[PDB]
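Structure assessment
Here's the letter readout for the chains.
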Amino acid sequence: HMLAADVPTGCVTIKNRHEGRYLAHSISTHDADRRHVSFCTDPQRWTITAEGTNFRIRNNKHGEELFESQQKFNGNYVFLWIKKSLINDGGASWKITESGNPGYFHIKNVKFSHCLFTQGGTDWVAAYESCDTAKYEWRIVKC
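Residues numbered from 1 in each chain as written, not as in the entry; some residues may be left out. Heavy atoms only, no water. Residues with missing side-chain atoms left out of burial classes, pairs and counts.

Glancing now at the UniProt feature "domain: Ricin B lectin" (unreviewed entry) in the chain. Sequence positions flagged by UniProt for "domain: Ricin B lectin" (unreviewed entry) are, in local numbering, residues 7-65. Note that residues 7-65 is 0% helix and 63% strand, and that its end C-alpha atoms are spaced 18 Å apart. (UniProt positions renumbered as here; feature names shortened; annotations may be inferred. Helix = DSSP H or I, 4+ residues; strand = E, 2+ residues; numbered from the N terminus.)

Printed below as a string of structure tokens:
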């Protein structure tokens, strides 16, 4: 067996199936407490930690937690939390479950019940409730 049936924990890379690029921090900030998320061609490192049946996801480079926000453009924003105060309201907790395609997972926000999603060719990340196509599917591999 060479795949990881269980959700990989610790140091991982995170790659969207449709877009084919790696989830990454952004150079752009929405404010001094919220940094944006984007994609990169080269592998960018994250840290996944189990929290009960759920998971927290942290950007290795800046040490900031990934979370889904109340604020919304068209979709609900997905941010990195610059302040570093632990988020305890479900917004930074994620249900990571196998999709129908081997090695790919759905990453679903606990608070909002939205799956991480990207449009396609866009450096913008969001989360929506559909969770039914390749745009919602993520390959999670140990570093």
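So, next bit.
Our focus in this paragraph is the state of the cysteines. Through a disulfide, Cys 11 is tied to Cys 143; the S-S separation comes to 2.0 Å. Judged by the sign of its S-S torsion, about -75°, the bond between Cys 11 and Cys 143 is left-handed. Of the two residues, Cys 11 sits in strand 1 (residues 10-16) while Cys 143 sits in the segment after strand 12 (138-142), which places them 132 residues apart along the sequence. Each sulfur of the disulfide joining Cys 115 and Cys 131 lies 2.0 Å from the other. Where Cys 115 bonds to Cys 131 through sulfur, the torsion about that S-S bond is close to -90°, and the disulfide is left-handed. In this pair, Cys 115 is assigned in strand 10 (residues 115-118) and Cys 131 in the loop between strand 11 (125-128) and strand 12, connecting sequence segments 16 residues apart. As a non-bridged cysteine, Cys 40 has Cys 143 as the owner of its nearest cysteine sulfur, 15 Å distant. (Disulfide = S-S within 2.5 Å.)

Phi is positive for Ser 113, which is not a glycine, with a value near 60°. You can see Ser 113 is positioned in the loop between strand 9 (104-109) and strand 10. A positive phi angle, close to 50°, is found at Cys 131, a residue other than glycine.

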